[PDB]
Amino acid sequence: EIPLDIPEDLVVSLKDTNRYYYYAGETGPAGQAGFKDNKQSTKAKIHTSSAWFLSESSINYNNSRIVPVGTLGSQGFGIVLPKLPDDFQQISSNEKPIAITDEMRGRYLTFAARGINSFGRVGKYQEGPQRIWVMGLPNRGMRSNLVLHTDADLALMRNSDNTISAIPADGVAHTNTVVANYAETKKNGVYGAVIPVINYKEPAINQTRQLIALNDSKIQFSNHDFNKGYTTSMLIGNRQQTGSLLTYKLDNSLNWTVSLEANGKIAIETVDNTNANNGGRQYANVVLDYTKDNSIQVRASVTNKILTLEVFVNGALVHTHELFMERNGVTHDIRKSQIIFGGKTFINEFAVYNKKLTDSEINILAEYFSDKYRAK
């Protein structure tokens, strides 16, 4: 297939980037390609052609159609990845940066190049060592308010020799993990906390995916001003779960917790040690089915000294909560709220916005979560 005179030293890479995920609305990096020994390739009269490729909406593997799943890794049993070129479409004819569109979310982009001899006989397109994943999370003007975002599928593991590789699909938690706030695209967003991640092959989809498994430990994010309005949107996996999935420590005296019970009930627990609110337990008007994935979103906003929290399960409102911020002589200053994930939970993805998402935005995220591993 390949002409005998194409040299073996073609070098293909992404220029000036160490980040291999991008959101819709961003522009990706330029590609770069060339023969290492240019004296040799000129003497053979070889030139190059290059192109960007976008992976298809599904992968054709083992005579079936598999849903694409993200990874930031560079095999045997494990993740199913698109093959170049059968699972890609060529989208450009050069190395110039690609403007990432909404229609590219949840796909791979890869840059490839080939040698061509002076008779016009082409070699095979060759990619560099690293593909780009286009984040599945819808943007549509939301990205200026995305403050935290972690997709468990993008977690990696750090080996003894400090190299970083994919987590093996062995169904057990690993704690030597590389997990980040991916919304942070300028500075280091890798979390310093211990975040156990499980990679496993999910039979429902004949494909791997990953789950954060905190096993009742907590991860804490501080200094969130809930007066701006705030929204936490989570996707949890299809296993039985219990405990404090999400806790808002609005104050040293005021906290509000989404607590899962094993029977699928969602308890809403309020603690206020001031006289501003009583506190106690309420139950959301829902029962989770832990044999499916479920999305849980909480949006909060302050209007006229009242903090309203609304809970959306799989897109549906199932609980509204009002908390007095100024009552009976107390004033709760919630400019430095804490957002805590925890419980014996299995978290596939979470996103935090420093605004109250509209009804439309809540539905957009609920549909993304519901279709993340579904046929597209």
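FYI, side chains are in, hydrogens and waters are out, and symmetry mates aren't considered; it's all heavy atoms of this structure. We're numbering straight along the sequence, starting at 1.
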Is any side-chain heavy atom of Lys355 closer than 4.5 Å to a side-chain heavy atom of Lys228?
-> no
Mind checking the CG-CG spacing from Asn252 to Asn273? Nearest 0.5 Å is all I need.
-> 9.0 Å
Taking it one step at a time, do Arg19 and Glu26 satisfy salt bridge (charged side-chain N to carboxylate O under 4.0 Å, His left out)?
-> CA-CA 12 Å; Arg19 164 159 79 99; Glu26 295 200 271; 2.9 Å; yes
Checking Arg209 against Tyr373: charged group under 6.0 Å from the ring centre and within 45 degrees of the axis?
-> yes
Compute the centroid of each ring, for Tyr283 and then for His319, and state whether the two points are separated by less than 6.0 Å.
-> no
Polar contact flag, side-chain donor to acceptor under 3.5 angstrom, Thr345-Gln241 = no
Tightest non-hydrogen contact, residues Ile132 and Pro29, listed as CD1-CD, 3.5 Å
Chi angles and distances behind the side chain to side chain donor-acceptor pair (under 3.5 Å) call for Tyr353, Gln297 | CA-CA 11 Å; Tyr353 303 83; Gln297 308 187 70; over 6 Å; no
Verdict with supporting geometry, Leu309 and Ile268, side-chain contact (heavy atoms from CB on, under 4.5 Å) | CA-CA 11 Å; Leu309 301 106; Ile268 305 291; over 6 Å; no
Taking everything shown except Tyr61 itself, do over 12 heavy atoms lie less than 6.0 Å from its OH?
-> no
Flag yes if more than 12 heavy atoms outside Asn285 fall under 6.0 Å of its CG atom; otherwise flag no.
-> no
Report yes or no: does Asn62 contribute a side-chain atom to a donor-acceptor pair with the main-chain N or O of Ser64 at less than 3.5 Å?
-> no
More than 12 foreign heavy atoms under 6.0 Å from CG of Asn159: is that the case here?
-> yes
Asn18 atom CG, over 12 foreign heavy atoms within 6.0 Å = no
Test side-chain contact (heavy atoms from CB on, under 4.5 Å) applied to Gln207 and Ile79, step by step | CA-CA 6 Å; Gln207 173 67 294; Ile79 192 160; 3.8 Å; yes
Pair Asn60, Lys83: side-chain N/O donor-acceptor within cut-off below 3.5 Å = no
Is a side-chain donor-acceptor pair under 3.5 Å present for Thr308 with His321?
-> no
Side-chain donor-acceptor pair under 3.5 Å between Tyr20 and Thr71, yes or no?
-> no
Interatomic spacing from NE2 in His149 to CE in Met142 - rounded to 0.5 Å | 11.0 Å
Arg105 side chain near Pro138 side chain, heavy-atom distance below 4.5 Å | yes
In terms of side-chain heavy atoms, does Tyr108 have a donor or acceptor partner in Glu56 at a distance below 3.5 Å?
-> no
Quick one: do the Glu269 and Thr257 side chains pair a donor with an acceptor below 3.5 Å?
-> no
Run the ring-centre check on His224 versus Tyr230 and record whether the distance is less than 6.0 Å.
-> yes
Under the criterion side-chain contact (heavy atoms from CB on, under 4.5 Å), which of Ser55, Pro82, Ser74 is the partner of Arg131?
-> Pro82
Ignoring hydrogens and angles, state whether a donor on the side chain of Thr163 or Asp161 is under 3.5 Å from an acceptor on the partner side chain.
-> yes
Between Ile212, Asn348, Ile195, which is the residue that forms a side-chain contact (heavy atoms from CB on, under 4.5 Å) with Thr150?
-> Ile212
Indicate yes or no: at least one non-hydrogen side-chain atom of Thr208 is less than 4.5 angstrom from one of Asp153.
-> no
Should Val80 and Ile66 count as side-chain neighbours, where that means a heavy-atom distance under 4.5 Å?
-> yes
Between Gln210 and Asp151, is any side-chain donor less than 3.5 angstrom from a side-chain acceptor?
-> no
Report yes if the side chains of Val67 and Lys376 come closer than 4.5 Å at any heavy-atom pair, otherwise no.
-> yes
Check the pair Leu357 / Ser233 against side-chain contact (heavy atoms from CB on, under 4.5 Å), numbers first and verdict last.
-> CA-CA 10 Å; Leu357 293 192; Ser233 308; 4.3 Å; yes
Cationic tip of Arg239 above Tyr200 ring, under 6.0 Å, 45° of axis | yes
Should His332 and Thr274 count as side-chain neighbours, where that means a heavy-atom distance under 4.5 Å?
-> yes
Taking atom CG of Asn139 and atom CD1 of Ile100, what is their separation to the nearest 0.5 Å?
-> 12.0 Å
Give the minimum heavy-atom separation between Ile198 and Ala213, together with the two atoms involved.
-> CD1-CB, 3.7 Å
Could you check if a side-chain atom of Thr291 sits within less than 4.5 angstrom of a side-chain atom of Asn238, using non-hydrogen atoms only?
-> no
Out of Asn227, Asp225, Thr231, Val147, which one pairs with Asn354 under the side-chain contact (heavy atoms from CB on, under 4.5 Å) rule?
-> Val147
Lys201 to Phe77, cation-pi by 6.0 Å centre distance and 45° axis angle | yes
So, do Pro196 and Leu214 sit near enough that their side-chain heavy atoms are less than 4.5 Å apart?
-> yes
Report the C-alpha separation of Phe226 and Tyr248 in whole Å, then their side-chain angles, then the decisive distance to 0.1 Å, and conclude whether the ring pair (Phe, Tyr, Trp, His ring centres under 6.0 Å) test is met.
-> CA-CA 10 Å; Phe226 264 53; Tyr248 289 161; 4.8 Å; yes
Donor + acceptor pair across side chains of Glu127, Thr110 (<3.5 Å) = yes
Side-chain H-bond candidate by donor/acceptor type, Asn277 with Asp272, under 3.5 Å | yes
Interatomic spacing from CD1 in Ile266 to CD in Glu261 - rounded to 0.5 Å | 9.5 Å
From the list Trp52, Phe88, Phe53, ring-ring contact (aromatic ring centres under 6.0 Å, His included) partner of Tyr125 resolves to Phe53
Which distance, rounded to the nearest 0.5 Å, do you find between the CG of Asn314 and the CD1 of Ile296?
-> 8.0 Å
Is the distance between the ring centroids of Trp133 and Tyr21 under 6.0 Å?
-> no
Is there a side-chain contact (heavy atoms from CB on, under 4.5 Å) between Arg143 and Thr185 once you walk through the steps?
-> CA-CA 12 Å; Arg143 209 165 101 73; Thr185 61; 4.1 Å; yes
Spacing of CG belonging to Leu148 relative to OG1 belonging to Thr232, to within rounding of 0.5 Å = 8.0 Å
